[PDB]
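What follows is each chain in one-letter form.
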Amino acid sequence: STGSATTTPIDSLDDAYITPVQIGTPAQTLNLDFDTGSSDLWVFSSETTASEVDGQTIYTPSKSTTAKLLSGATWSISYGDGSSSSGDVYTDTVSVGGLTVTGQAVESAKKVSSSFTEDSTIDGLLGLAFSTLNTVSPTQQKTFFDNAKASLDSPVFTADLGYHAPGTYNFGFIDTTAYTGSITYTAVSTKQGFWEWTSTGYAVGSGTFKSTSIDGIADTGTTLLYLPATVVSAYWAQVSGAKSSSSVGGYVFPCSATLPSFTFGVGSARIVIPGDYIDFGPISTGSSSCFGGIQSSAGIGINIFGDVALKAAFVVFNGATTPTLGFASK
């Protein structure tokens, strides 16, 4: 089997991407944030505290003939941005882009933090990291991908995120028309439960490539590119007037600037992030200070190849017995 679903930016900045997911019988379609940096499939629901729901579409398990309470199971998750959610668990039928899993754990939110409430476009998350990070207790649950894997033509999914445009998540096949050149594969460590890999270095604009190992995660659920302070300083030093602002919470730059590209290494291959992808616009409406899309990972504890980086590539998440990550230009 295979699946193929279009993923759409939630706003004009590509802050996140939503993908329609069918849950239950008859289908309830919710728009979920596919997150390769976490491993819970959770939804706004008929159980979510009413004051914490503001415009989201909810899953109502009582209206699904295939929903079953997973008795005694609870979940609670905290994300790197400080947001969180928690609740109980149903099993139900879940379909993504024509690919169906029966008995998927669907984590029903009883509580969500303010950032979720305030984002009316995101009806929940669909985690695609390794199932060892799943938060369901006392019986840990598998991700949608893990459950689907045995039925898939090939044990893979691909992320093809757009810049200010829709893109695609495919399951079970590699669309050879969706990228240019060849795919370069690189080793993954699952030791921390993430799609963790080591970039071979970077360049700023037309500058020389610096060969240096940068361990980080491929994380579709993080907007920006978070890298070591040394690397980030070298990038922003090439932008007149750019500076790190503790008041704003990162690097800012004059909105009048033209940003240089940023290149990262994947083995001997190179992925180029155009400068425009690094512009996240005014820090507040009407400001002439703009927020940068490359930020320091210092104090996160991990480097994160978020959407800024991933959307510059066609990315293969290979979930074979020995997992790997592939990157191609597109």
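Residues numbered from 1 in each chain as written, not as in the entry; some residues may be left out. Heavy atoms only, no water. Residues with missing side-chain atoms left out of burial classes, pairs and counts.

> Explain the pattern of salt bridges to me, please; I cannot follow it from the model alone.
Should the charged atoms of two oppositely charged side chains come close, the side chains can pair. All told, the structure shown has two salt bridges when counted by the stated rule. In this structure, the salt-bridge partner of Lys311 is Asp14, at a minimum N-O distance of 2.8 Å. A residue pair is termed long-range when its members are at least 10 positions apart, and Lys311 in the loop between helix 4 (307–310) and strand 23 (314–318) and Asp14 in the loop between strand 1 (3–9) and strand 2 (17–23) qualify at 297 residues. Exposure remark for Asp14: the relative accessible area of 0% places this residue in the buried category. The salt bridge involving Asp160 is made with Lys330; its shortest N-O contact spans 2.8 Å. Placement of the pair is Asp160 in strand 9 (residues 156–160) and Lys330 in the segment after strand 24 (324–328), with a sequence separation of 170 residues. Here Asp160 falls in the buried class, since its relative accessible area comes to 16%. By relative accessible area, which is 38% here, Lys330 ends up partly exposed. (Salt bridge = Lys/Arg side-chain N within 4 Å of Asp/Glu carboxyl O. Helix = DSSP H or I, 4+ residues; strand = E, 2+ residues; numbered from the N terminus. Buried < 20%, exposed > 50% of the residue type's maximum accessible area, 1.4 Å probe, protein only.)

> Could you clarify how one ought to interpret the pairing of strand 18 (residues 269–273) in this entry?
For a regular strand, side chains alternate in direction, first toward one face of the sheet and then toward the other. Pairing of strand 17 (residues 262–266) with strand 18 involves five bridges; the strand directions are antiparallel. Along strand 18, the bridge assignment pairs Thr263 with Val272. (Pairing = 2+ DSSP bridges.)

> Would you explain the state of the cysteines in this entry?
Disulfides are covalent bonds that link the sulfur atoms of two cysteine residues. Under the definition given, this model contains one disulfide. Sulfur-sulfur distance for the disulfide between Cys255 and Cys290 comes to 2.0 Å. Torsion about the S-S bond of the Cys255 and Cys290 cystine: about 110°, corresponding to right-handed handedness. In this pair, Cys255 sits in the loop between strand 16 (250–254) and strand 17 while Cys290 sits in strand 20 (residues 289–292), placing the two residues 35 residues apart along the sequence. (Disulfide = S-S within 2.5 Å.)

> Mind showing me how you'd approach the side chain of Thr19 here?
Within the secondary structure, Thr19 is located in strand 2. Residue class for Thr19 comes out buried when judged on its relative accessible area of 0%. Polar side-chain contacts of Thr19 include one of 2.9 Å to the side chain of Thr7. In contact with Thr19, not counting residues within four places along its chain, are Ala5, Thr6, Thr7, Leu30, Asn31, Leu32, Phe34 and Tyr169. (Polar contact = N/O pair within 3.5 Å; in protein donor to acceptor, adjacent residues only side chain to side chain. Contact = heavy atoms within 4.5 Å.)

> Explain the UniProt feature "disulfide bond" in the protein to me, please; I cannot follow it from the model alone.
For the UniProt disulfide linking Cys255 with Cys290, the SG atoms sit 2.0 Å apart, under 2.5 Å and consistent with a formed bond. In this structure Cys255 comes out as partly exposed when scored by relative accessible area, which is 29%. (UniProt positions renumbered as here; feature names shortened; annotations may be inferred.)

> Would you explain the domain arrangement of the protein in this entry?
Many structure descriptions define interface size as the accessible area lost when the parts assemble. Taken domain by domain, the protein consists of domain 1 (5–174) and domain 2 (175–330). Here the C-alpha centroids of domain 1 and domain 2 sit 25 Å apart. Each partner contributes residues to the interface: domain 1 has 30 residues there, and domain 2 has 32 residues. Among the elements of the structure, strand 3 (28–35), strand 9 and strand 10 (167–171) are those that each provide at least two residues to the side of domain 1 that touches domain 2. Examining the composition of the side of domain 1 that touches domain 2, we find that five residues originate from one element, strand 9, more than from any other. Split into classes, the residues belonging to the side of domain 1 that touches domain 2 amount to 18 nonpolar, six polar and six charged. (Domains from an automatic or database assignment. Nonpolar A, V, L, I, M, F, W, Y, C, P; charged D, E, K, R; others polar.)

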